[PDB]
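Each remark here refers to the structure printed beneath this line.
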Amino acid sequence: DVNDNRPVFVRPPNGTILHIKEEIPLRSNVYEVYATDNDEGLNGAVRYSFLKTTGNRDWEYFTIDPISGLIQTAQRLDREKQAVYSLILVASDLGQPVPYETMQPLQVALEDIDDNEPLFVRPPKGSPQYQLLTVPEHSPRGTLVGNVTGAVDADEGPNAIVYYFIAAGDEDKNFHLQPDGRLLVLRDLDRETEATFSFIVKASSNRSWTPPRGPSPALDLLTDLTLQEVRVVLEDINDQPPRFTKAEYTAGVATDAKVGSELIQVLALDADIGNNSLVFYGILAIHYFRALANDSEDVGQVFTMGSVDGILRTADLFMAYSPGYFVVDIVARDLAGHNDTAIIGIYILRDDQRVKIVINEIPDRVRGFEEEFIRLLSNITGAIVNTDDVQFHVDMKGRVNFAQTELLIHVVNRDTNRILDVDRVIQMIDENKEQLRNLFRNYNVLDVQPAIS
Ligand SMILES: [Ca+2]
Ligand SMILES: [Ca+2]
Ligand SMILES: [Ca+2]
Ligand SMILES: [Ca+2]
Ligand SMILES: [Ca+2]
Ligand SMILES: [Ca+2]
């Protein structure tokens with residue numbers, strides 16, 4: 001005879017796609033091909049063989065015996081590496097004068113197995129290695145903080161259900177994490193009390209997963225990628241009131257009292273942050289007490305307080321009311337109702353209470369540093385030094401030096417919240433002489449004494 005027919009392919013059937021499991025042993029059987037060459041004799045016996053596809057190297061994954069046609073694995077088959085492997089089979093007759101060949105396409109597709117487990121994916125180094133959620137403080141029960149996420153099981157389908165659970169770190173049980181990944185608030189939280197919480201969440205496919213018995217291996221966020229740190233930070237609300245530094249403030253005013261003079265600066269604190277911390281001040285009423293009297297004479301608005309400055313300022317000349325003092329009731333309020341009260345005592349200082357500080361610089365320059373000098377001095381003296389005026393120096397003899405400057409001041413004892421006799425202030429200066437001796441010279445000071453008899 002002569003090779004007259006080409007082989008034909010009984011199995012595998014035309015354009016078929018075999019499905020096997022993944023990660024099966026090497027050289028594990030897959031399929032047994034069969035083809036028929038009608039020709040009798042060797043011209044019609046078939047010999048099976050894959051084809052070294054040009055770009056497709058998939059054939060490297062299997063072996064097929066030349067006679068038996070049995071297809072066996074040759075490499076590992078991880079669906080996770082490649083899913084469909086595609087091959088072109090070839091059946092040749094042994095016939096002569098030339099053998100004939102027949103090519104049948106085939107494809108192998110792997111079925112997924114629970115090969116892997118749900119795993120997290122860390123963020124870039126340095127960058128925060130955790131996940132942040134935010135929720136308003138004093139939030140109510142149930143308020144969704146937010147949705148944990150960040151895991152994935154390489155697997156497909158049911159082999160990759162990913163449920164989240166809290167592994168450790170809510171010992172106080174402020175939240176609950178429904179497996180879906182929703183974090184719910186359970187308790188009152190107060191930024192001012194605790195600000196950030198944190199804990200470790202587990203990702204497992206086990207809807208019944210329960211934390212290990214507590215003394216077990218402590219966890220390692222650096223190795224276990226089934227774990228992620230989650231940090232909840234509390235947003236702020238206006239839940240804190242303004243709180244005055246003191247509840248009696250005392251400062252002195254001079255009869256000679258340039259209108260608009262800054263007497264003292266109060267302050268109030270709102271623990272709150274941002275707008276909620278904005279504090280606005282003001283004056284509730286003013287009482288005038290003439291020398292010794294138990295009638296609070298109630299003269300006009302004689303003072304002003306900056307709504308934001310907190311600096312009480314003169315509004316009249318007090319040369320009129322020489323004997324006596326004032327009680328100013330003040331208020332501080334936040335953007336939203338929280339309020340606090342206090343009391344300022346302004347006392348018209350007697351000469352007996354007022355001191356001068358001579359300085360060998362032009363008065364202009366003395367104003368240049370007045371604040372600094374006083375701040376330093378008050379610190380070192382540990383007492384409130386309040387600058388009252390800056391004028392040119394006058395010798396007791398009545399000489400006036402147009403390069404020497406005076407600095408009338410009055411002092412209060414933080415401790416007694418009470419004003420000071422010149423006497424006691426001189427003594428204080430002398431006591432601290434040594435500590436102070438540095439300041440005075442650094443600032444061209446020349447002497448100290450009261451309002452000229
Ligand atoms: Ca043939
Ligand atoms: Ca796998
Ligand atoms: Ca798998
Ligand atoms: Ca899995
Ligand atoms: Ca707050
Ligand atoms: Ca507030």
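Following the order of the structure tokens, chains are lettered A, B, ..., residues in each are numbered from 1, and ligands are numbered from 1.
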
Please identify every polymer residue within 12 Å of ligand 6, using only C-alpha atoms and all ligand atoms, and present the set as JSON, numbers by chain.
{"A": [192, 236, 237, 238, 239, 240, 241, 242, 243, 268, 269, 270, 271, 272, 273, 274, 275, 276, 277, 278, 279, 280, 332, 333, 334, 335, 336, 337, 338, 339, 340]}

Output N, CA and C atoms for every residue in that selection, as a PDB file, in the first residue's frame.
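Now in again_34.pdb:
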```pdb
ATOM      1  N   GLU A 192     -10.534  63.891  75.306  1.00  0.00           N
ATOM      2  CA  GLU A 192      -9.781  64.532  76.352  1.00  0.00           C
ATOM      3  C   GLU A 192      -9.349  63.482  77.372  1.00  0.00           C
ATOM      4  N   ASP A 236     -12.646  65.572  67.604  1.00  0.00           N
ATOM      5  CA  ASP A 236     -12.910  66.425  68.768  1.00  0.00           C
ATOM      6  C   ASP A 236     -14.279  67.106  68.618  1.00  0.00           C
ATOM      7  N   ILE A 237     -14.940  67.372  69.730  1.00  0.00           N
ATOM      8  CA  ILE A 237     -16.182  68.117  69.716  1.00  0.00           C
ATOM      9  C   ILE A 237     -16.111  69.099  70.852  1.00  0.00           C
ATOM     10  N   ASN A 238     -17.015  70.102  70.838  1.00  0.00           N
ATOM     11  CA  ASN A 238     -17.012  71.100  71.902  1.00  0.00           C
ATOM     12  C   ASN A 238     -17.626  70.473  73.157  1.00  0.00           C
ATOM     13  N   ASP A 239     -16.827  69.743  73.945  1.00  0.00           N
ATOM     14  CA  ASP A 239     -17.332  69.135  75.170  1.00  0.00           C
ATOM     15  C   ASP A 239     -16.547  69.658  76.377  1.00  0.00           C
ATOM     16  N   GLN A 240     -15.662  70.632  76.164  1.00  0.00           N
ATOM     17  CA  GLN A 240     -14.859  71.174  77.245  1.00  0.00           C
ATOM     18  C   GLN A 240     -15.176  72.654  77.401  1.00  0.00           C
ATOM     19  N   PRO A 241     -15.273  73.132  78.660  1.00  0.00           N
ATOM     20  CA  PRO A 241     -15.604  74.505  78.938  1.00  0.00           C
ATOM     21  C   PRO A 241     -14.327  75.288  79.120  1.00  0.00           C
ATOM     22  N   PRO A 242     -14.388  76.608  78.950  1.00  0.00           N
ATOM     23  CA  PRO A 242     -13.259  77.459  79.254  1.00  0.00           C
ATOM     24  C   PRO A 242     -13.083  77.494  80.772  1.00  0.00           C
ATOM     25  N   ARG A 243     -11.813  77.492  81.180  1.00  0.00           N
ATOM     26  CA  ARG A 243     -11.448  77.411  82.587  1.00  0.00           C
ATOM     27  C   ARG A 243     -10.417  78.505  82.895  1.00  0.00           C
ATOM     28  N   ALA A 268      -8.280  82.111  79.835  1.00  0.00           N
ATOM     29  CA  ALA A 268      -9.090  80.953  80.120  1.00  0.00           C
ATOM     30  C   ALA A 268      -8.702  79.849  79.152  1.00  0.00           C
ATOM     31  N   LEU A 269      -8.873  78.603  79.572  1.00  0.00           N
ATOM     32  CA  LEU A 269      -8.407  77.507  78.759  1.00  0.00           C
ATOM     33  C   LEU A 269      -9.570  76.589  78.401  1.00  0.00           C
ATOM     34  N   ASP A 270      -9.619  76.198  77.135  1.00  0.00           N
ATOM     35  CA  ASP A 270     -10.542  75.211  76.648  1.00  0.00           C
ATOM     36  C   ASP A 270      -9.703  74.021  76.224  1.00  0.00           C
ATOM     37  N   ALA A 271      -9.932  72.883  76.902  1.00  0.00           N
ATOM     38  CA  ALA A 271      -9.163  71.675  76.640  1.00  0.00           C
ATOM     39  C   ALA A 271      -9.383  71.208  75.207  1.00  0.00           C
ATOM     40  N   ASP A 272     -10.595  71.551  74.675  1.00  0.00           N
ATOM     41  CA  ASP A 272     -11.003  71.318  73.289  1.00  0.00           C
ATOM     42  C   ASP A 272      -9.921  71.836  72.315  1.00  0.00           C
ATOM     43  N   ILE A 273      -9.994  71.347  71.049  1.00  0.00           N
ATOM     44  CA  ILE A 273      -8.982  71.634  70.037  1.00  0.00           C
ATOM     45  C   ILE A 273      -9.670  72.182  68.811  1.00  0.00           C
ATOM     46  N   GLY A 274      -8.999  73.154  68.167  1.00  0.00           N
ATOM     47  CA  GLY A 274      -9.565  73.871  67.042  1.00  0.00           C
ATOM     48  C   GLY A 274     -10.722  74.770  67.471  1.00  0.00           C
ATOM     49  N   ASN A 275     -11.614  75.072  66.534  1.00  0.00           N
ATOM     50  CA  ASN A 275     -12.635  76.078  66.739  1.00  0.00           C
ATOM     51  C   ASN A 275     -13.314  75.862  68.090  1.00  0.00           C
ATOM     52  N   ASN A 276     -13.430  74.607  68.495  1.00  0.00           N
ATOM     53  CA  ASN A 276     -14.135  74.303  69.718  1.00  0.00           C
ATOM     54  C   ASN A 276     -13.398  74.903  70.917  1.00  0.00           C
ATOM     55  N   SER A 277     -12.120  75.251  70.718  1.00  0.00           N
ATOM     56  CA  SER A 277     -11.274  75.794  71.778  1.00  0.00           C
ATOM     57  C   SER A 277     -11.276  77.321  71.771  1.00  0.00           C
ATOM     58  N   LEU A 278     -12.003  77.947  70.832  1.00  0.00           N
ATOM     59  CA  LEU A 278     -11.969  79.393  70.710  1.00  0.00           C
ATOM     60  C   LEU A 278     -12.701  79.986  71.868  1.00  0.00           C
ATOM     61  N   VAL A 279     -12.009  80.907  72.567  1.00  0.00           N
ATOM     62  CA  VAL A 279     -12.519  81.489  73.794  1.00  0.00           C
ATOM     63  C   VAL A 279     -12.590  82.980  73.606  1.00  0.00           C
ATOM     64  N   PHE A 280     -13.765  83.515  74.005  1.00  0.00           N
ATOM     65  CA  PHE A 280     -14.129  84.910  73.873  1.00  0.00           C
ATOM     66  C   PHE A 280     -14.470  85.490  75.244  1.00  0.00           C
ATOM     67  N   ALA A 332     -15.886  84.333  80.444  1.00  0.00           N
ATOM     68  CA  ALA A 332     -15.254  83.769  79.260  1.00  0.00           C
ATOM     69  C   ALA A 332     -16.170  82.698  78.699  1.00  0.00           C
ATOM     70  N   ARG A 333     -16.382  82.705  77.384  1.00  0.00           N
ATOM     71  CA  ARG A 333     -17.360  81.816  76.767  1.00  0.00           C
ATOM     72  C   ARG A 333     -16.697  81.200  75.533  1.00  0.00           C
ATOM     73  N   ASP A 334     -17.109  79.949  75.189  1.00  0.00           N
ATOM     74  CA  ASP A 334     -16.558  79.214  74.048  1.00  0.00           C
ATOM     75  C   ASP A 334     -17.546  79.362  72.943  1.00  0.00           C
ATOM     76  N   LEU A 335     -17.217  78.835  71.753  1.00  0.00           N
ATOM     77  CA  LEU A 335     -18.082  79.085  70.611  1.00  0.00           C
ATOM     78  C   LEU A 335     -19.501  78.563  70.835  1.00  0.00           C
ATOM     79  N   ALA A 336     -19.820  77.990  72.029  1.00  0.00           N
ATOM     80  CA  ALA A 336     -20.954  77.088  72.099  1.00  0.00           C
ATOM     81  C   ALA A 336     -21.510  76.903  73.502  1.00  0.00           C
ATOM     82  N   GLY A 337     -21.487  77.906  74.345  1.00  0.00           N
ATOM     83  CA  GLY A 337     -22.291  77.820  75.569  1.00  0.00           C
ATOM     84  C   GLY A 337     -21.452  77.682  76.839  1.00  0.00           C
ATOM     85  N   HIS A 338     -20.510  76.764  76.824  1.00  0.00           N
ATOM     86  CA  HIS A 338     -19.602  76.655  77.942  1.00  0.00           C
ATOM     87  C   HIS A 338     -19.136  78.070  78.349  1.00  0.00           C
ATOM     88  N   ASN A 339     -19.241  78.375  79.645  1.00  0.00           N
ATOM     89  CA  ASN A 339     -18.887  79.680  80.182  1.00  0.00           C
ATOM     90  C   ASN A 339     -18.174  79.525  81.546  1.00  0.00           C
ATOM     91  N   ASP A 340     -17.359  80.518  81.950  1.00  0.00           N
ATOM     92  CA  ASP A 340     -16.735  80.509  83.273  1.00  0.00           C
ATOM     93  C   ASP A 340     -16.577  81.967  83.728  1.00  0.00           C
TER      94      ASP A 340
END
```

Once you count only C-alpha atoms and all ligand atoms, what closest atom pair and distance in Å to one decimal does each residue of chain A within 8 Å of ligand 3 have, with rows by chain and rising residue number, as JSON lines?
```
{"residue": "A:22", "atom": "CA", "partner": "ligand 3", "partner_atom_place_in_ligand_line": "1 (Ca)", "distance": 7.3}
{"residue": "A:78", "atom": "CA", "partner": "ligand 3", "partner_atom_place_in_ligand_line": "1 (Ca)", "distance": 7.4}
{"residue": "A:79", "atom": "CA", "partner": "ligand 3", "partner_atom_place_in_ligand_line": "1 (Ca)", "distance": 6.4}
{"residue": "A:80", "atom": "CA", "partner": "ligand 3", "partner_atom_place_in_ligand_line": "1 (Ca)", "distance": 6.3}
{"residue": "A:111", "atom": "CA", "partner": "ligand 3", "partner_atom_place_in_ligand_line": "1 (Ca)", "distance": 7.9}
{"residue": "A:112", "atom": "CA", "partner": "ligand 3", "partner_atom_place_in_ligand_line": "1 (Ca)", "distance": 4.4}
{"residue": "A:113", "atom": "CA", "partner": "ligand 3", "partner_atom_place_in_ligand_line": "1 (Ca)", "distance": 3.9}
{"residue": "A:114", "atom": "CA", "partner": "ligand 3", "partner_atom_place_in_ligand_line": "1 (Ca)", "distance": 4.6}
{"residue": "A:115", "atom": "CA", "partner": "ligand 3", "partner_atom_place_in_ligand_line": "1 (Ca)", "distance": 3.8}
{"residue": "A:116", "atom": "CA", "partner": "ligand 3", "partner_atom_place_in_ligand_line": "1 (Ca)", "distance": 5.9}
{"residue": "A:154", "atom": "CA", "partner": "ligand 3", "partner_atom_place_in_ligand_line": "1 (Ca)", "distance": 6.7}
{"residue": "A:155", "atom": "CA", "partner": "ligand 3", "partner_atom_place_in_ligand_line": "1 (Ca)", "distance": 4.2}
{"residue": "A:156", "atom": "CA", "partner": "ligand 3", "partner_atom_place_in_ligand_line": "1 (Ca)", "distance": 6.7}
{"residue": "A:159", "atom": "CA", "partner": "ligand 3", "partner_atom_place_in_ligand_line": "1 (Ca)", "distance": 7.1}
```

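Our summary of the geometry notes that CA of residue 65 (chain A) is positioned 13.0 Å from CA of residue 92 (chain A).
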
Please list as a PDB file with C-alpha atoms, in the first residue's frame every residue within 6 Å of residue 151 (chain A), counting only C-alpha atoms and excluding residues in the same chain fewer than 4 positions away.
```
ATOM      1  CA  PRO A 118      -6.287  35.237  53.803  1.00  0.00           C
ATOM      2  CA  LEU A 119      -3.270  37.560  54.154  1.00  0.00           C
ATOM      3  CA  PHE A 120      -2.596  41.260  54.591  1.00  0.00           C
TER       4      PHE A 120
END
```

Counting only C-alpha atoms and all ligand atoms, which residues of chain A fall within 12 Å of ligand 1, and what is the closest atom pair for each with its distance in Å at one decimal, ordered by chain and rising number, as a tab-separated table?
```
residue	atom	partner	partner_atom_place_in_ligand_line	distance
A:1	CA	ligand 1	1 (Ca)	10.0
A:2	CA	ligand 1	1 (Ca)	7.8
A:3	CA	ligand 1	1 (Ca)	4.4
A:4	CA	ligand 1	1 (Ca)	5.7
A:5	CA	ligand 1	1 (Ca)	4.6
A:6	CA	ligand 1	1 (Ca)	5.0
A:7	CA	ligand 1	1 (Ca)	6.2
A:8	CA	ligand 1	1 (Ca)	9.8
A:35	CA	ligand 1	1 (Ca)	11.1
A:36	CA	ligand 1	1 (Ca)	8.7
A:37	CA	ligand 1	1 (Ca)	5.1
A:38	CA	ligand 1	1 (Ca)	6.6
A:39	CA	ligand 1	1 (Ca)	4.8
A:40	CA	ligand 1	1 (Ca)	7.6
A:41	CA	ligand 1	1 (Ca)	8.5
A:42	CA	ligand 1	1 (Ca)	7.7
A:43	CA	ligand 1	1 (Ca)	4.3
A:44	CA	ligand 1	1 (Ca)	4.0
A:45	CA	ligand 1	1 (Ca)	6.9
A:46	CA	ligand 1	1 (Ca)	7.9
A:47	CA	ligand 1	1 (Ca)	10.9
A:91	CA	ligand 1	1 (Ca)	10.3
A:92	CA	ligand 1	1 (Ca)	8.0
A:93	CA	ligand 1	1 (Ca)	5.1
A:94	CA	ligand 1	1 (Ca)	7.3
A:95	CA	ligand 1	1 (Ca)	5.7
A:96	CA	ligand 1	1 (Ca)	8.4
A:97	CA	ligand 1	1 (Ca)	10.5
A:98	CA	ligand 1	1 (Ca)	9.5
A:99	CA	ligand 1	1 (Ca)	7.1
A:100	CA	ligand 1	1 (Ca)	6.4
A:101	CA	ligand 1	1 (Ca)	8.7
A:102	CA	ligand 1	1 (Ca)	10.3
```

Could you dump the residues just selected with N, CA and C atoms as a compact mmCIF listing (two decimals), in the first residue's frame?
```
# COMPACT_ATOMS: atom_id res chain seq x y z
N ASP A 1 0.87 -1.21 0.00
CA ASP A 1 0.00 0.00 0.00
C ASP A 1 0.89 1.24 0.00
N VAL A 2 0.29 2.39 0.29
CA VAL A 2 1.08 3.54 0.65
C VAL A 2 0.26 4.34 1.65
N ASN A 3 0.95 5.02 2.57
CA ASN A 3 0.32 5.97 3.47
C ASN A 3 -0.68 6.78 2.67
N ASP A 4 -1.98 6.49 2.87
CA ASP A 4 -3.04 7.12 2.10
C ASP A 4 -3.91 7.96 3.01
N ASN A 5 -4.02 7.57 4.31
CA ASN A 5 -4.79 8.34 5.28
C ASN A 5 -3.88 8.94 6.37
N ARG A 6 -4.33 10.09 6.87
CA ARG A 6 -3.77 10.79 8.00
C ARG A 6 -4.47 10.27 9.22
N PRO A 7 -3.82 10.16 10.37
CA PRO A 7 -4.51 9.81 11.59
C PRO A 7 -5.55 10.86 11.99
N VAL A 8 -6.52 10.40 12.76
CA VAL A 8 -7.63 11.22 13.20
C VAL A 8 -7.73 11.00 14.68
N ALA A 35 -5.72 7.98 18.72
CA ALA A 35 -5.99 8.40 17.36
C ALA A 35 -5.87 7.20 16.43
N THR A 36 -6.47 7.29 15.23
CA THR A 36 -6.56 6.11 14.37
C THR A 36 -6.13 6.46 12.97
N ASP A 37 -5.25 5.66 12.39
CA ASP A 37 -4.88 5.83 11.00
C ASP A 37 -5.43 4.60 10.31
N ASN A 38 -6.39 4.86 9.40
CA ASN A 38 -7.13 3.82 8.70
C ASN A 38 -6.11 2.91 7.98
N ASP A 39 -5.02 3.48 7.46
CA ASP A 39 -4.04 2.70 6.71
C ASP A 39 -3.67 1.44 7.50
N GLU A 40 -3.44 0.33 6.80
CA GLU A 40 -3.00 -0.88 7.50
C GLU A 40 -1.48 -0.83 7.59
N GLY A 41 -0.94 -1.53 8.60
CA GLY A 41 0.48 -1.74 8.68
C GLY A 41 1.10 -0.53 9.30
N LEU A 42 2.42 -0.44 9.29
CA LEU A 42 3.06 0.62 10.01
C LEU A 42 2.55 1.99 9.48
N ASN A 43 2.09 2.02 8.19
CA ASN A 43 1.60 3.26 7.56
C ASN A 43 0.41 3.80 8.34
N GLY A 44 -0.07 2.99 9.25
CA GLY A 44 -1.30 3.31 9.94
C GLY A 44 -1.17 3.09 11.44
N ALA A 45 0.05 2.98 11.93
CA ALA A 45 0.23 3.06 13.36
C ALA A 45 0.65 4.49 13.73
N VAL A 46 0.17 4.94 14.89
CA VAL A 46 0.23 6.33 15.30
C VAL A 46 1.26 6.52 16.41
N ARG A 47 1.84 7.70 16.45
CA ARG A 47 2.79 8.00 17.49
C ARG A 47 2.57 9.42 17.98
N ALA A 91 -0.28 13.65 16.31
CA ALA A 91 -0.24 12.23 16.01
C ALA A 91 0.39 11.95 14.63
N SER A 92 1.43 11.14 14.59
CA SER A 92 2.07 10.87 13.32
C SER A 92 2.03 9.38 13.02
N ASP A 93 1.84 9.06 11.76
CA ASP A 93 1.98 7.69 11.34
C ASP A 93 3.45 7.43 11.14
N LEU A 94 3.79 6.14 11.14
CA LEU A 94 5.15 5.70 10.90
C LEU A 94 5.35 5.37 9.43
N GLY A 95 4.31 5.60 8.65
CA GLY A 95 4.29 5.21 7.26
C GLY A 95 5.35 5.94 6.45
N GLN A 96 5.59 5.39 5.25
CA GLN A 96 6.54 5.86 4.26
C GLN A 96 5.83 5.85 2.92
N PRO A 97 6.17 6.73 1.98
CA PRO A 97 7.53 7.23 1.83
C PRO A 97 7.83 8.40 2.76
N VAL A 98 6.75 9.13 3.13
CA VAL A 98 6.80 10.19 4.13
C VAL A 98 5.66 10.03 5.12
N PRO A 99 5.95 10.09 6.44
CA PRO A 99 4.92 10.05 7.47
C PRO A 99 4.09 11.29 7.41
N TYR A 100 2.78 11.13 7.75
CA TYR A 100 1.79 12.22 7.82
C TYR A 100 1.43 12.53 9.30
N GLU A 101 1.07 13.79 9.58
CA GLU A 101 0.89 14.28 10.94
C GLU A 101 -0.46 14.99 11.07
N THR A 102 -1.08 14.87 12.23
CA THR A 102 -2.37 15.48 12.50
C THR A 102 -2.29 16.17 13.87
```

In region 75-223 of chain A, what's helix (DSSP H, G or I) per DSSP? Answer as a ChimeraX atom specification?
/A:157-160

Export, as a compact mmCIF listing (two decimals), in the first residue's frame, the selected residues with N, CA and C atoms.
```txt
# COMPACT_ATOMS: atom_id res chain seq x y z
N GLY A 157 -13.19 31.86 44.97
CA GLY A 157 -14.49 31.37 45.39
C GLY A 157 -14.55 31.14 46.87
N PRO A 158 -15.21 30.05 47.30
CA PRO A 158 -15.33 29.66 48.71
C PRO A 158 -14.05 29.40 49.44
N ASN A 159 -12.96 29.21 48.68
CA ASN A 159 -11.65 28.99 49.29
C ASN A 159 -11.01 30.33 49.76
N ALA A 160 -11.74 31.44 49.56
CA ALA A 160 -11.23 32.78 49.84
C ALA A 160 -12.24 33.68 50.55
```

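Omitting residue 418 (chain A) and its sequence neighbours fewer than 3 positions away, and counting only C-alpha atoms, the residues within 10 Å are residues 249, 250, 251, 252, 345, 347, 384, 411, 412, 413, 414, 415 and 421 of chain A.
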
Spatial neighbours of residue 203 (chain A), max dist 9 Å, only C-alpha atoms, sep filter under 2 positions, as JSON, numbers by chain
{"A": [117, 118, 119, 120, 150, 151, 152, 162, 163, 164, 165, 166, 201, 205, 206, 225, 226, 227, 228]}

Residue neighbourhood residue 365 (chain A), 12 Å, only C-alpha atoms, exclusion window fewer than 2 positions, as a JSON list (two decimals) with N, CA and C atoms, in the first residue's frame:
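Heads up, here's the output in around-v9.json:
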```json
[["chain", "number", "residue", "atom", "x", "y", "z"],
["A", 359, "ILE", "N", 16.95, 104.51, 84.54],
["A", 359, "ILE", "CA", 17.65, 103.80, 83.47],
["A", 359, "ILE", "C", 18.37, 104.81, 82.59],
["A", 360, "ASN", "N", 19.58, 104.46, 82.18],
["A", 360, "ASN", "CA", 20.43, 105.36, 81.43],
["A", 360, "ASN", "C", 20.27, 105.07, 79.95],
["A", 361, "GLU", "N", 19.01, 104.97, 79.52],
["A", 361, "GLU", "CA", 18.73, 105.06, 78.09],
["A", 361, "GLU", "C", 17.56, 106.06, 77.81],
["A", 362, "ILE", "N", 17.55, 106.70, 76.60],
["A", 362, "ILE", "CA", 16.41, 107.53, 76.18],
["A", 362, "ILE", "C", 15.11, 106.77, 76.43],
["A", 363, "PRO", "N", 14.03, 107.45, 76.85],
["A", 363, "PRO", "CA", 12.79, 106.77, 77.16],
["A", 363, "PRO", "C", 12.29, 105.95, 75.96],
["A", 367, "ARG", "N", 10.97, 101.83, 76.34],
["A", 367, "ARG", "CA", 9.76, 101.20, 75.81],
["A", 367, "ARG", "C", 10.10, 100.00, 74.91],
["A", 368, "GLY", "N", 11.14, 100.17, 74.04],
["A", 368, "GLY", "CA", 11.76, 99.13, 73.21],
["A", 368, "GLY", "C", 11.89, 97.75, 73.89],
["A", 369, "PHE", "N", 12.30, 97.69, 75.15],
["A", 369, "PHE", "CA", 12.46, 96.41, 75.82],
["A", 369, "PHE", "C", 11.57, 96.25, 77.09],
["A", 370, "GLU", "N", 10.66, 97.19, 77.38],
["A", 370, "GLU", "CA", 10.05, 97.25, 78.73],
["A", 370, "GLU", "C", 9.59, 95.85, 79.09],
["A", 371, "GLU", "N", 8.86, 95.20, 78.14],
["A", 371, "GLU", "CA", 8.23, 93.91, 78.36],
["A", 371, "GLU", "C", 9.26, 92.93, 78.86],
["A", 373, "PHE", "N", 12.33, 93.32, 80.02],
["A", 373, "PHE", "CA", 12.91, 93.65, 81.31],
["A", 373, "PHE", "C", 11.95, 93.21, 82.43],
["A", 390, "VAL", "N", 6.35, 105.32, 81.46],
["A", 390, "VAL", "CA", 7.72, 105.59, 81.04],
["A", 390, "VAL", "C", 7.89, 107.09, 80.77],
["A", 391, "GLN", "N", 8.68, 107.76, 81.59],
["A", 391, "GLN", "CA", 8.86, 109.18, 81.44],
["A", 391, "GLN", "C", 10.35, 109.45, 81.56],
["A", 392, "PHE", "N", 10.70, 110.68, 81.32],
["A", 392, "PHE", "CA", 12.03, 111.14, 81.60],
["A", 392, "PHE", "C", 12.31, 111.18, 83.12],
["A", 403, "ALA", "N", 18.08, 112.29, 78.89],
["A", 403, "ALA", "CA", 18.60, 111.03, 78.39],
["A", 403, "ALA", "C", 18.36, 109.91, 79.41],
["A", 404, "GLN", "N", 18.18, 110.25, 80.69],
["A", 404, "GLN", "CA", 17.79, 109.26, 81.69],
["A", 404, "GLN", "C", 16.26, 109.08, 81.75],
["A", 405, "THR", "N", 15.81, 107.81, 81.85],
["A", 405, "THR", "CA", 14.41, 107.45, 81.81],
["A", 405, "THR", "C", 13.96, 106.82, 83.14],
["A", 406, "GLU", "N", 12.74, 107.15, 83.61],
["A", 406, "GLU", "CA", 12.10, 106.52, 84.77],
["A", 406, "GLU", "C", 11.17, 105.42, 84.29],
["A", 443, "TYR", "N", 21.15, 96.22, 81.37],
["A", 443, "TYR", "CA", 20.10, 97.11, 80.91],
["A", 443, "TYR", "C", 20.29, 98.53, 81.47],
["A", 444, "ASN", "N", 21.55, 98.93, 81.71],
["A", 444, "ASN", "CA", 21.91, 100.30, 82.08],
["A", 444, "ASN", "C", 21.08, 100.87, 83.24]]
```

Please extract the residues of region 75-152 of chain A with a backbone DSSP assignment of strand (DSSP E or B) and present them as an NGL selection string.
:A and (84-93 or 101-111 or 119-120 or 130-136 or 144-147 or 151-152)

Using only C-alpha atoms, which protein or nucleic acid residues come within 9 Å of residue 68 (chain A)? Drop anything in the same chain fewer than 4 positions from it, and give the result as number ranges by chain.
A: 32-34, 47-48, 64

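Between CA of residue 190 (chain A) and CA of residue 341 (chain A) the interatomic distance comes to 24.7 Å.
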
To one decimal place in Å, what is the distance between CA of residue 75 (chain A) and CA of residue 13 (chain A)?
24.6 Å

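Closest approach to residue 327 (chain A) among A:442, A:296, A:49, A:314 is made by A:296 (distances from only C-alpha atoms).
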